[PDB]
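Q: Before I ask anything, let me first share the structure, which is written out below as C-alpha cells.
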Amino acid sequence: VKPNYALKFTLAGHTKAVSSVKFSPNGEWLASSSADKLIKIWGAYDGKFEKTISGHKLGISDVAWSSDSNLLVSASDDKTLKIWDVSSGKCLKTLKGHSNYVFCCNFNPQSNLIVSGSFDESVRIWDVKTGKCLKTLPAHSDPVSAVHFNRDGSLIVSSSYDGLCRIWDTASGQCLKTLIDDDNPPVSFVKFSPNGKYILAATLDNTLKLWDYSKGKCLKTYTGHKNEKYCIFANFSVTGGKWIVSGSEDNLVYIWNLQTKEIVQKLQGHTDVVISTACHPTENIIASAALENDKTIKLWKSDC
Ligand SMILES: CCC[C@H](NC(=O)c1cccc(Cn2ccnc2)c1)C(=O)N1CCc2sccc2C1
C-alpha cells in the first residue's frame, strides 16, 4: 500500500525563506516561522491565511505549539525565544539566556516546559509560567540542530553539527546516552517516535536512520533524498500508512515506508529546498515549506 498525496493548497505571504511549519495539536491551524521575522497562522484544512504574529528583532528559525493549541514558542536569531498567546497575538514571555542564535524549540507534552537549542552549543530548559531558565545543559561542541521531548516529557533528545545525538533526563539534566555510529557526520535533525521507543536522526550524508536508543542499535536506514547542507525536519506519518516524511535539497517531499524503507512517493511542486514538513494530527495531510527562492507552504492530502 502506497499513499496518494496530491497538492490541495499553496500558501504565500512570507517575504523571506520559511524556516518551520507545525500543525496545532487540535488540527485547526498551521503555524509558520520565517527569516522575515514573522509567524503566520493558516487554516489547516482550507489553507486560509489567519493572522501574523510579530515582535522578534531578527529571523525566526523554529516554532512549536502548546498541547492546548493556545500558545506558540518561537526561536530567533535575536538570541531569544518568545511565548505567544495565539488568540490575542500577545508576547507573554521573552526567554533570555542564549549567547547566540536560538535554532530549535519544543514544548513538553505537559506544556509546562520549553526546551531550546542554540548556536551557543547549549540546550536550555525553561519554565513556561515564569519564563525563567531552569537548566543550561553543556550539550554539544557545535551548533545544536534539534531538541525534542519524548511522549511523557521524561527525556530530551538533542542533535548537533558535532555528529552526536544525546538523550537527557529532563528532571536531573544528566546526559543518559550518546549515540555514535560507525562514523559521525553532522546530525541535522532528531526526534522521538510517537511511542518514545525510537529516534529518527538525519545526517548530512543524505541519510535518515531509525535508532533503538534503549539498545543503541540502528533499525532502519532511508536514502534517495538530497541532504548535505540544511537542517531539514522529518516526521513519522501515523494517521494512515506508517511513513517517514522528509524535505530534500532537490526541492521534493520524500515519503518512505517505515518498515520496508522503500520510497512510496516524491511530491513535486516546490522550486527551492524543502526545509520543513509536518504531518496533521488526525487527517492524512502534509504541510511542506521551502527556502528563499520559493517562500511558499504547500498542503498535500492523501486518501491513505
Ligand atoms: C546551510 C546554512 C546553515 C544551516 N541552515 C539551516 O540548516 C537552516 C536554515 C533555515 C531553516 C532551517 C530549518 N530548521 C531546522 C531546525 N531549525 C530550523 C535550517 C545551519 O544552520 N547549519 C548547517 C547544517 C547543520 S547540521 C547541524 C547544525 C547545522 C547548522
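So for chain A, numbering is Swiss-Prot's, and the shown residues are 31-334, in order.
Every residue gets a Cβ built from N, Cα and C, even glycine.
Pasting the relevant annotations from Swiss-Prot:
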- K46: SUMO2 cross-link (CROSSLNK)
- 85-126: repeat 'WD 2' (REPEAT)
- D107: site 'Important for interaction with histone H3' (SITE)
- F133: site 'Important for interaction with histone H3' (SITE)
- 169-208: repeat 'WD 4' (REPEAT)
- 256-296: repeat 'WD 6' (REPEAT)
- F263: site 'Important for interaction with histone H3' (SITE)
- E322: site 'Important for interaction with histone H3' (SITE)
Q: Does any of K46, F133, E322 have a Cβ within less than 6 Å of an atom of ligand 1? These are the recorded positions; tell me which, or none.
A: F133
Q: Would you mind sorting out which of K46, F133, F263 (the recorded positions) have a C-alpha within 10 A of the one on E322 (site 'Important for interaction with histone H3')?
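A: Qualifying among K46, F133, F263: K46.
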Q: What residue among the recorded sites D107, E322 has the most other CB atoms lying within 10 A of its CB?
A: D107
Q: For the repeat 'WD 4' (169-208), jot down how many residues DSSP puts in helix, in strand and in coil.
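A: With helix first, then strand, then coil, the repeat 'WD 4' (169-208) has 0 helix, 21 strand, 19 coil.
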Q: By CA-CA distance, flag whichever of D107, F133, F263 among the recorded sites is nearest to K46 (SUMO2 cross-link).
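A: Among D107, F133, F263, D107.
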Q: Where does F133 (site 'Important for interaction with histone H3') sit by DSSP, helix, strand or coil?
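A: DSSP call for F133 (site 'Important for interaction with histone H3'): strand.
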Q: Could you state the whole-number distance in Å separating the C-alpha atoms of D107 (site 'Important for interaction with histone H3') and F263 (site 'Important for interaction with histone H3')?
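A: A Cα-Cα distance of 18 Å.
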Q: How would DSSP class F263 (site 'Important for interaction with histone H3') in three states?
A: coil
Q: Could you give the Cα-Cα distance between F263 (site 'Important for interaction with histone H3') and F133 (site 'Important for interaction with histone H3'), in whole Å?
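A: With the alpha carbons as reference points, the distance is 12 Å.
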Q: Reduced to three states, what secondary structure does DSSP give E322 (site 'Important for interaction with histone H3')?
A: coil
